[PDB]
Amino acid sequence: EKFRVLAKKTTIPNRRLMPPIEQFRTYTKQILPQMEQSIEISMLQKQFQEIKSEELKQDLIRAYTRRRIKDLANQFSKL
Amino acid sequence: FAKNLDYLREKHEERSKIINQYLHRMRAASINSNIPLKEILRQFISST
Amino acid sequence: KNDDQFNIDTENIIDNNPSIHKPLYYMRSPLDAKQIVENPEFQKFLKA
Amino acid sequence: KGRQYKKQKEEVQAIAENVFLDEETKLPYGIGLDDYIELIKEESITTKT
Amino acid sequence: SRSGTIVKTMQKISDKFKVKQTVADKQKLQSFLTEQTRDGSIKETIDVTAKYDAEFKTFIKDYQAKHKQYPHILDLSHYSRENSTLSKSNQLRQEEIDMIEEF
Amino acid sequence: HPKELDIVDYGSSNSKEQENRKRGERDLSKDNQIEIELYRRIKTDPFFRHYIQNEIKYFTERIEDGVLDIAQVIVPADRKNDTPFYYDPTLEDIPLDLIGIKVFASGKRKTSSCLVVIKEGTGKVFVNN
RNA sequence: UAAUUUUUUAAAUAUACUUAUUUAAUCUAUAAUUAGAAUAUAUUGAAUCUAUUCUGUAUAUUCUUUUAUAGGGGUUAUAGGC
Ligand SMILES: [Mg+2]
Ligand SMILES: [Mg+2]
Ligand SMILES: [Mg+2]
């Protein structure tokens with residue numbers, strides 16, 4: 001129903017009867033890096049396996065940080 | 001399964017080296033030491 | 001070969017159960033390594 | 001988890017359980033002056049006797 | 001907080017390379033097993049290492065059957081008093097008298 | 001000074017605890033009721049019985065160890081893990097527990113005091129009849 | 001095919017109103033994230049020199065703090081009087 005009459009000459013209508021914008025930001029900020037770090041590391045641990053020296057190992061990591069910190073420098077440039 | 005076995009080899013070797021230090025020093029505490037008896041015990045207690 | 005189980009003797013705490021003031025010696029959900037071994041699965045993988 | 005919040009009548013009736021008169025007395029015991037009562041029970045007796 | 005986020009990340013990163021998603025060496029691993037399988041030294045390795053770490057216990061806990069859950073040790077003395085049998089009332093009569101005489 | 005009490009103070013004393021029942025630990029003070037609960041538990045606890053047997057000994061070993069350093073002119077100092085392990089219960093995970101239709105509504109201002117009585121019906125209003 | 005208004009009698013109920021009395025400040029559940037302090041342990045990094053120190057992160061504890069999710073309910077936290 002839509003309308004019901006209470007009494008004589010009293011009609012009233014009755015009353016007793018996936019956001020995208022978050023879907024984007026949750027992908028950009030949270031989901032990408034967690035998917036990336038699992039990739040960006042496993043591509044490196046394999047590369048550290050064949051090597052047996054401890055000099056190269058600790059320099060690739062420290063080079064990976066520089067190349068990953070620039071990613072944040074761009075974000076703060078934005079609003 | 002094989003990774004979790006490497007997860008032992010680190011620890012068993014860690015626990016072995018730490019112990020084999022104490023064993024060496026009790027052979028030294030038998031000789032090189034003022035207070036030989038306690039060093040034999042202190043180095044046990046830290047192993048506990 | 002009944003040298004496998006592990007007990008606490010919750011009635012007479014200290015007299016029967018030694019070193020009970022040290023946690024690593026005494027767990028809340030203790031293991032039975034013999035079961036862990038004698039599972040046929042665990043024997044296969046190591047041979048694998 | 002029965003309510004400690006008690007109404008009046010329970011607090012009133014809880015008192016009368018402990019106090020009680022006696023026909024020769026018509027005075028209450030459980031209030032604390034039970035000693036003074038036992039004078040009068042004797043005094044009424046010692047006079048007549 | 002730009003200078004703060006930079007620092008927190010670099011240490012998060014360093015912690016993950018310490019994790020081992022893979023094998024390190026095989027000759028060591030195989031030689032490690034043959035030595036211990038030779039005489040049955042494996043059980044000691046499992047018991048001791050399982051005690052001062054849970055992560056190895058969690059992996060091996062599944063292979064085990066017939067688990068037991070005792071109380072926690074600190075809450076054990078309290079657990080025994082609450083479960084006092086009728087026989088233990090014999091003690092509690094004495095232990096009630098020993099203090100009353102004091103008081 | 002004797003504490004006089006009133007007619008009303010008799011309801012709780014006897015109705016709560018009957019004279020027919022015996023007397024027990026619950027009838028005592030709490031500060032005494034706790035000591036019993038300590039006297040019945042410490043006999044079983046491993047920590048207290050261990051720490052208290054050995055308390056004097058810790059007080060001496062720290063002196064003998066210290067006098068060496070005064071004899072070997074080095075300042076006194078403490079080593080690591082000289083003591084036993086004892087449970088740090090904070091680091092350990094213990095249980096927290098062992099185990100029709102009406103409405104009446106009011107509203108207020110400086111001095112006024114309104115009382116409302118809602119009933120089902122047409123849109124219809126009254127105030128003080 | 002009704003029952004307006006007013007007065008009176010008898011009883012129950014709780015909601016104004018009256019009295020006494022208790023409490024009253026900044027919250028939870030979780031998560032991420034920020035700001036920072038206290039300890040204890042572990043620990044990367046830093047020594048142009050008090051590295052028996054400083055900093056950072058984690059763990060537990062001790063209070064504090066942003067945002068989110070959901071849901072939970074506000075003043076008295078003030079203003080006079082004596
Ligand atoms: Mg008023
Ligand atoms: Mg009421
Ligand atoms: Mg008042």
# chains A, B, ... in the order shown; residues from 1 in each chain; ligands from 1
>>> interface_residues(of="chain B", to="chain E", cutoff="12 Å", atoms="only C-alpha atoms", output="PDB file with N, CA, C and O atoms, in the first residue's frame")
ATOM      1  N   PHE B   1      57.815 -27.800   3.271  1.00  0.00           N
ATOM      2  CA  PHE B   1      58.383 -28.666   4.294  1.00  0.00           C
ATOM      3  C   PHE B   1      59.880 -28.447   4.409  1.00  0.00           C
ATOM      4  O   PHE B   1      60.431 -28.422   5.515  1.00  0.00           O
ATOM      5  N   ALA B   2      60.555 -28.258   3.276  1.00  0.00           N
ATOM      6  CA  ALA B   2      62.005 -28.135   3.292  1.00  0.00           C
ATOM      7  C   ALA B   2      62.452 -26.804   3.876  1.00  0.00           C
ATOM      8  O   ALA B   2      63.509 -26.737   4.512  1.00  0.00           O
ATOM      9  N   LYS B   3      61.687 -25.734   3.654  1.00  0.00           N
ATOM     10  CA  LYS B   3      62.039 -24.447   4.241  1.00  0.00           C
ATOM     11  C   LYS B   3      62.044 -24.545   5.755  1.00  0.00           C
ATOM     12  O   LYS B   3      62.982 -24.096   6.423  1.00  0.00           O
ATOM     13  N   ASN B   4      60.988 -25.131   6.313  1.00  0.00           N
ATOM     14  CA  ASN B   4      60.861 -25.237   7.755  1.00  0.00           C
ATOM     15  C   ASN B   4      61.951 -26.101   8.367  1.00  0.00           C
ATOM     16  O   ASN B   4      62.157 -26.042   9.583  1.00  0.00           O
ATOM     17  N   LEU B   5      62.653 -26.897   7.561  1.00  0.00           N
ATOM     18  CA  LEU B   5      63.833 -27.580   8.066  1.00  0.00           C
ATOM     19  C   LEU B   5      65.026 -26.637   8.128  1.00  0.00           C
ATOM     20  O   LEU B   5      65.836 -26.721   9.057  1.00  0.00           O
ATOM     21  N   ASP B   6      65.153 -25.727   7.161  1.00  0.00           N
ATOM     22  CA  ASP B   6      66.164 -24.686   7.284  1.00  0.00           C
ATOM     23  C   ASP B   6      65.884 -23.790   8.476  1.00  0.00           C
ATOM     24  O   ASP B   6      66.811 -23.224   9.065  1.00  0.00           O
ATOM     25  N   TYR B   7      64.611 -23.654   8.847  1.00  0.00           N
ATOM     26  CA  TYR B   7      64.238 -22.888  10.024  1.00  0.00           C
ATOM     27  C   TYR B   7      64.740 -23.532  11.308  1.00  0.00           C
ATOM     28  O   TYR B   7      64.801 -22.857  12.340  1.00  0.00           O
ATOM     29  N   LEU B   8      65.090 -24.821  11.267  1.00  0.00           N
ATOM     30  CA  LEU B   8      65.767 -25.469  12.383  1.00  0.00           C
ATOM     31  C   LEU B   8      67.262 -25.217  12.346  1.00  0.00           C
ATOM     32  O   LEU B   8      67.864 -24.877  13.370  1.00  0.00           O
ATOM     33  N   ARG B   9      67.871 -25.430  11.177  1.00  0.00           N
ATOM     34  CA  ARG B   9      69.323 -25.406  11.047  1.00  0.00           C
ATOM     35  C   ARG B   9      69.915 -24.116  11.591  1.00  0.00           C
ATOM     36  O   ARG B   9      71.008 -24.121  12.167  1.00  0.00           O
ATOM     37  N   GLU B  10      69.213 -22.999  11.420  1.00  0.00           N
ATOM     38  CA  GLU B  10      69.675 -21.760  12.024  1.00  0.00           C
ATOM     39  C   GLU B  10      69.667 -21.867  13.536  1.00  0.00           C
ATOM     40  O   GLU B  10      70.671 -21.596  14.201  1.00  0.00           O
ATOM     41  N   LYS B  11      68.546 -22.313  14.091  1.00  0.00           N
ATOM     42  CA  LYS B  11      68.357 -22.261  15.531  1.00  0.00           C
ATOM     43  C   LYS B  11      69.196 -23.309  16.238  1.00  0.00           C
ATOM     44  O   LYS B  11      69.835 -23.023  17.256  1.00  0.00           O
ATOM     45  N   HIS B  12      69.184 -24.536  15.724  1.00  0.00           N
ATOM     46  CA  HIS B  12      70.016 -25.578  16.303  1.00  0.00           C
ATOM     47  C   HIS B  12      71.484 -25.184  16.271  1.00  0.00           C
ATOM     48  O   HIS B  12      72.230 -25.465  17.214  1.00  0.00           O
ATOM     49  N   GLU B  13      71.916 -24.524  15.197  1.00  0.00           N
ATOM     50  CA  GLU B  13      73.294 -24.057  15.147  1.00  0.00           C
ATOM     51  C   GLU B  13      73.512 -22.884  16.092  1.00  0.00           C
ATOM     52  O   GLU B  13      74.571 -22.778  16.721  1.00  0.00           O
ATOM     53  N   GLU B  14      72.533 -21.985  16.198  1.00  0.00           N
ATOM     54  CA  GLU B  14      72.619 -20.916  17.188  1.00  0.00           C
ATOM     55  C   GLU B  14      72.718 -21.477  18.597  1.00  0.00           C
ATOM     56  O   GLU B  14      73.602 -21.095  19.372  1.00  0.00           O
ATOM     57  N   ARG B  15      71.814 -22.391  18.947  1.00  0.00           N
ATOM     58  CA  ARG B  15      71.832 -22.974  20.280  1.00  0.00           C
ATOM     59  C   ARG B  15      73.103 -23.774  20.516  1.00  0.00           C
ATOM     60  O   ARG B  15      73.584 -23.853  21.650  1.00  0.00           O
ATOM     61  N   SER B  16      73.682 -24.341  19.459  1.00  0.00           N
ATOM     62  CA  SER B  16      74.902 -25.121  19.619  1.00  0.00           C
ATOM     63  C   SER B  16      76.102 -24.224  19.885  1.00  0.00           C
ATOM     64  O   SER B  16      76.899 -24.490  20.793  1.00  0.00           O
ATOM     65  N   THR B  48      70.231 -22.120  30.999  1.00  0.00           N
ATOM     66  CA  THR B  48      68.840 -22.438  31.281  1.00  0.00           C
ATOM     67  C   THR B  48      67.884 -21.443  30.656  1.00  0.00           C
ATOM     68  O   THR B  48      66.685 -21.723  30.563  1.00  0.00           O
TER      69      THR B  48
END
>>> residues_around(residues="residue 30 of chain D", least_positions_apart="5", cutoff="8 Å", atoms="only C-alpha atoms (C1' of nucleotides)", output="mmCIF file with N, CA, C and O atoms, in the first residue's frame")
data_model
loop_
_atom_site.group_PDB
_atom_site.id
_atom_site.type_symbol
_atom_site.label_atom_id
_atom_site.label_comp_id
_atom_site.auth_asym_id
_atom_site.auth_seq_id
_atom_site.Cartn_x
_atom_site.Cartn_y
_atom_site.Cartn_z
ATOM 1 N N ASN D 18 13.079 -9.723 63.745
ATOM 2 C CA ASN D 18 14.021 -9.771 64.852
ATOM 3 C C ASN D 18 13.467 -9.194 66.140
ATOM 4 O O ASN D 18 13.923 -9.573 67.223
ATOM 5 N N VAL D 19 12.506 -8.293 66.043
ATOM 6 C CA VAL D 19 11.852 -7.700 67.198
ATOM 7 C C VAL D 19 10.558 -8.450 67.457
ATOM 8 O O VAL D 19 9.903 -8.946 66.533
ATOM 9 N N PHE D 20 10.183 -8.537 68.730
ATOM 10 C CA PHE D 20 8.952 -9.212 69.112
ATOM 11 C C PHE D 20 8.582 -8.797 70.524
ATOM 12 O O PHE D 20 9.443 -8.753 71.406
ATOM 13 N N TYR F 10 18.987 -3.018 62.422
ATOM 14 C CA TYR F 10 18.762 -4.411 62.772
ATOM 15 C C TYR F 10 18.253 -5.254 61.613
ATOM 16 O O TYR F 10 18.310 -6.486 61.693
#
>>> residues_near_ligand(ligand="ligand 2", cutoff="12 Å", atoms="only C-alpha atoms (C1' of nucleotides) and all ligand atoms", output="PDB file with N, CA, C and O atoms (P, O5', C5', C4', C3', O3' and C1' of nucleotides), in the first residue's frame")
ATOM      1  N   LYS D   7      12.889  -2.314  48.286  1.00  0.00           N
ATOM      2  CA  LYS D   7      11.835  -1.346  48.529  1.00  0.00           C
ATOM      3  C   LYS D   7      11.624  -1.195  50.032  1.00  0.00           C
ATOM      4  O   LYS D   7      12.362  -1.748  50.850  1.00  0.00           O
TER       5      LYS D   7
ATOM      6  P     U G  13      -1.183   0.336  42.707  1.00  0.00           P
ATOM      7  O5'   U G  13      -0.854   0.856  41.241  1.00  0.00           O
ATOM      8  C5'   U G  13      -0.738  -0.064  40.171  1.00  0.00           C
ATOM      9  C4'   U G  13      -0.599   0.626  38.839  1.00  0.00           C
ATOM     10  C3'   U G  13       0.585   1.557  38.688  1.00  0.00           C
ATOM     11  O3'   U G  13       1.806   0.875  38.467  1.00  0.00           O
ATOM     12  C1'   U G  13      -1.343   2.588  37.805  1.00  0.00           C
ATOM     13  P     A G  14       3.180   1.468  39.051  1.00  0.00           P
ATOM     14  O5'   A G  14       3.500   2.693  38.092  1.00  0.00           O
ATOM     15  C5'   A G  14       3.508   2.512  36.686  1.00  0.00           C
ATOM     16  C4'   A G  14       3.329   3.813  35.946  1.00  0.00           C
ATOM     17  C3'   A G  14       4.618   4.584  35.667  1.00  0.00           C
ATOM     18  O3'   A G  14       4.540   5.234  34.401  1.00  0.00           O
ATOM     19  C1'   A G  14       3.156   5.925  36.947  1.00  0.00           C
ATOM     20  P     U G  15       5.883   5.676  33.631  1.00  0.00           P
ATOM     21  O5'   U G  15       6.032   7.220  33.970  1.00  0.00           O
ATOM     22  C5'   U G  15       7.120   7.967  33.446  1.00  0.00           C
ATOM     23  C4'   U G  15       6.835   9.447  33.475  1.00  0.00           C
ATOM     24  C3'   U G  15       6.846  10.078  34.863  1.00  0.00           C
ATOM     25  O3'   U G  15       7.318  11.420  34.801  1.00  0.00           O
ATOM     26  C1'   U G  15       4.698  10.303  33.916  1.00  0.00           C
ATOM     27  P     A G  16       8.112  12.040  36.052  1.00  0.00           P
ATOM     28  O5'   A G  16       7.656  13.558  36.056  1.00  0.00           O
ATOM     29  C5'   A G  16       7.841  14.368  34.910  1.00  0.00           C
ATOM     30  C4'   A G  16       6.805  15.454  34.847  1.00  0.00           C
ATOM     31  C3'   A G  16       6.913  16.527  35.911  1.00  0.00           C
ATOM     32  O3'   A G  16       7.878  17.516  35.606  1.00  0.00           O
ATOM     33  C1'   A G  16       4.661  15.811  35.706  1.00  0.00           C
TER      34        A G  16
END
>>> residues_near_ligand(ligand="ligand 3", cutoff="9 Å", atoms="only C-alpha atoms (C1' of nucleotides) and all ligand atoms", output="PyMOL selection string")
chain G and resi 19-21
>>> residues_near_ligand(ligand="ligand 1", cutoff="10 Å", atoms="only C-alpha atoms (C1' of nucleotides) and all ligand atoms", output="count of residues only")
8
>>> closest_atom_pairs(of="chain F", to="chain E", cutoff="7 Å", atoms="only C-alpha atoms", output="tab-separated table")
residue	atom	partner	partner_atom	distance
F:36	CA	E:99	CA	6.8
F:41	CA	E:77	CA	6.3
F:44	CA	E:77	CA	6.0
F:45	CA	E:77	CA	6.3
F:94	CA	E:72	CA	6.8
>>> write_last_selection(atoms="N, CA and C atoms", output="CSV table (one decimal), in the first residue's frame")
chain,number,residue,atom,x,y,z
F,36,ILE,N,44.2,-16.2,55.0
F,36,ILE,CA,43.9,-17.6,54.8
F,36,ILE,C,44.0,-18.0,53.4
F,41,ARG,N,47.5,-21.1,49.5
F,41,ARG,CA,48.0,-21.0,48.1
F,41,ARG,C,49.5,-21.0,48.0
F,44,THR,N,51.7,-24.1,47.6
F,44,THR,CA,51.8,-24.7,46.3
F,44,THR,C,52.5,-23.9,45.3
F,45,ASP,N,52.6,-22.5,45.5
F,45,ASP,CA,53.2,-21.7,44.5
F,45,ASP,C,54.7,-22.0,44.4
F,94,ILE,N,47.7,-15.0,30.1
F,94,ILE,CA,46.9,-15.7,31.1
F,94,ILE,C,45.5,-15.3,30.9
>>> select_by_dssp(residues="chain B", states="helix (DSSP H, G or I)", output="PyMOL selection string")
chain B and resi 2-29+36-45
>>> atom_distance(atom1="atom CA of residue 55 of chain F", atom2="atom CA of residue 84 of chain F")
12.4 Å
>>> residues_around(residues="residue 45 of chain A", least_positions_apart="6", cutoff="12 Å", atoms="only C-alpha atoms (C1' of nucleotides)", output="JSON, numbers by chain")
{"A": [37, 38, 39, 51, 57, 58, 60, 61], "E": [16, 17, 18, 19, 20, 21, 22, 23, 24]}
>>> atom_distance(atom1="atom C1' of residue 42 of chain G", atom2="atom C1' of residue 64 of chain G")
25.3 Å
>>> residues_around(residues="residue 36 of chain C", least_positions_apart="6", cutoff="9 Å", atoms="only C-alpha atoms (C1' of nucleotides)", output="list in words")
residues 42 of chain C; 43, 60, 61, 62, 63, 64 and 65 of chain E
>>> atom_distance(atom1="atom CA of residue 105 of chain F", atom2="atom CA of residue 4 of chain D")
28.4 Å
>>> residues_around(residues="residue 31 of chain D", least_positions_apart="5", cutoff="12 Å", atoms="only C-alpha atoms (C1' of nucleotides)", output="mmCIF file with C-alpha atoms, in the first residue's frame")
data_model
loop_
_atom_site.group_PDB
_atom_site.id
_atom_site.type_symbol
_atom_site.label_atom_id
_atom_site.label_comp_id
_atom_site.auth_asym_id
_atom_site.auth_seq_id
_atom_site.Cartn_x
_atom_site.Cartn_y
_atom_site.Cartn_z
ATOM 1 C CA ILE D 15 13.064 -5.535 60.968
ATOM 2 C CA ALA D 16 10.002 -7.195 62.488
ATOM 3 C CA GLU D 17 11.574 -10.639 62.065
ATOM 4 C CA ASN D 18 14.021 -9.771 64.852
ATOM 5 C CA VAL D 19 11.852 -7.700 67.198
ATOM 6 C CA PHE D 20 8.952 -9.212 69.112
ATOM 7 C CA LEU D 21 6.823 -8.080 72.033
ATOM 8 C CA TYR D 36 15.734 -2.770 80.958
ATOM 9 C CA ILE D 37 12.666 -4.915 80.287
ATOM 10 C CA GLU F 4 24.989 3.776 69.481
ATOM 11 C CA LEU F 5 22.949 2.377 66.608
ATOM 12 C CA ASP F 6 19.399 2.897 65.463
ATOM 13 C CA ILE F 7 16.183 0.930 65.023
ATOM 14 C CA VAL F 8 16.892 0.547 61.322
ATOM 15 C CA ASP F 9 20.322 -1.088 61.695
ATOM 16 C CA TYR F 10 18.762 -4.411 62.772
ATOM 17 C CA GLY F 11 17.213 -5.400 59.441
#
>>> decode(residues="chain C", atoms="C-alpha atoms", output="PDB file, in the first residue's frame")
ATOM      1  CA  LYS C   1      59.679 -48.364  25.767  1.00  0.00           C
ATOM      2  CA  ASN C   2      57.107 -46.441  27.763  1.00  0.00           C
ATOM      3  CA  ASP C   3      59.523 -43.510  28.074  1.00  0.00           C
ATOM      4  CA  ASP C   4      57.540 -41.124  25.887  1.00  0.00           C
ATOM      5  CA  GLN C   5      54.623 -39.379  27.582  1.00  0.00           C
ATOM      6  CA  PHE C   6      54.845 -36.206  29.655  1.00  0.00           C
ATOM      7  CA  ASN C   7      53.035 -35.321  32.879  1.00  0.00           C
ATOM      8  CA  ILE C   8      52.740 -32.471  35.373  1.00  0.00           C
ATOM      9  CA  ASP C   9      51.299 -34.109  38.517  1.00  0.00           C
ATOM     10  CA  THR C  10      48.929 -31.247  39.282  1.00  0.00           C
ATOM     11  CA  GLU C  11      48.252 -32.485  42.831  1.00  0.00           C
ATOM     12  CA  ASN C  12      51.748 -32.597  44.360  1.00  0.00           C
ATOM     13  CA  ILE C  13      53.195 -29.604  42.558  1.00  0.00           C
ATOM     14  CA  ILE C  14      56.812 -29.127  43.507  1.00  0.00           C
ATOM     15  CA  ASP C  15      57.917 -32.411  45.070  1.00  0.00           C
ATOM     16  CA  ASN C  16      57.139 -34.525  42.009  1.00  0.00           C
ATOM     17  CA  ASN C  17      57.493 -31.882  39.298  1.00  0.00           C
ATOM     18  CA  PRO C  18      60.971 -30.255  39.238  1.00  0.00           C
ATOM     19  CA  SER C  19      62.078 -26.944  37.753  1.00  0.00           C
ATOM     20  CA  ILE C  20      58.475 -25.769  37.441  1.00  0.00           C
ATOM     21  CA  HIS C  21      59.454 -22.107  37.927  1.00  0.00           C
ATOM     22  CA  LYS C  22      60.968 -22.051  34.418  1.00  0.00           C
ATOM     23  CA  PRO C  23      58.623 -21.707  31.432  1.00  0.00           C
ATOM     24  CA  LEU C  24      60.546 -23.366  28.623  1.00  0.00           C
ATOM     25  CA  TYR C  25      60.582 -26.616  30.582  1.00  0.00           C
ATOM     26  CA  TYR C  26      56.789 -26.533  31.012  1.00  0.00           C
ATOM     27  CA  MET C  27      54.189 -25.742  28.374  1.00  0.00           C
ATOM     28  CA  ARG C  28      50.409 -25.485  28.276  1.00  0.00           C
ATOM     29  CA  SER C  29      49.958 -27.619  25.133  1.00  0.00           C
ATOM     30  CA  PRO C  30      52.988 -29.913  25.219  1.00  0.00           C
ATOM     31  CA  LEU C  31      54.248 -31.927  22.282  1.00  0.00           C
ATOM     32  CA  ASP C  32      54.758 -35.655  21.814  1.00  0.00           C
ATOM     33  CA  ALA C  33      57.671 -35.891  19.385  1.00  0.00           C
ATOM     34  CA  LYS C  34      57.187 -39.638  19.050  1.00  0.00           C
ATOM     35  CA  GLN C  35      53.759 -39.104  17.498  1.00  0.00           C
ATOM     36  CA  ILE C  36      55.231 -36.436  15.220  1.00  0.00           C
ATOM     37  CA  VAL C  37      57.864 -38.915  14.096  1.00  0.00           C
ATOM     38  CA  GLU C  38      55.657 -41.968  13.908  1.00  0.00           C
ATOM     39  CA  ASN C  39      53.121 -40.314  11.621  1.00  0.00           C
ATOM     40  CA  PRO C  40      53.828 -42.049   8.288  1.00  0.00           C
ATOM     41  CA  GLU C  41      53.420 -38.737   6.471  1.00  0.00           C
ATOM     42  CA  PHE C  42      56.339 -37.084   8.251  1.00  0.00           C
ATOM     43  CA  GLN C  43      58.586 -40.026   7.397  1.00  0.00           C
ATOM     44  CA  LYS C  44      57.766 -39.772   3.691  1.00  0.00           C
ATOM     45  CA  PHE C  45      58.562 -36.081   3.294  1.00  0.00           C
ATOM     46  CA  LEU C  46      62.016 -36.321   4.857  1.00  0.00           C
ATOM     47  CA  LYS C  47      62.847 -39.250   2.602  1.00  0.00           C
ATOM     48  CA  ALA C  48      61.410 -37.102  -0.187  1.00  0.00           C
TER      49      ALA C  48
END
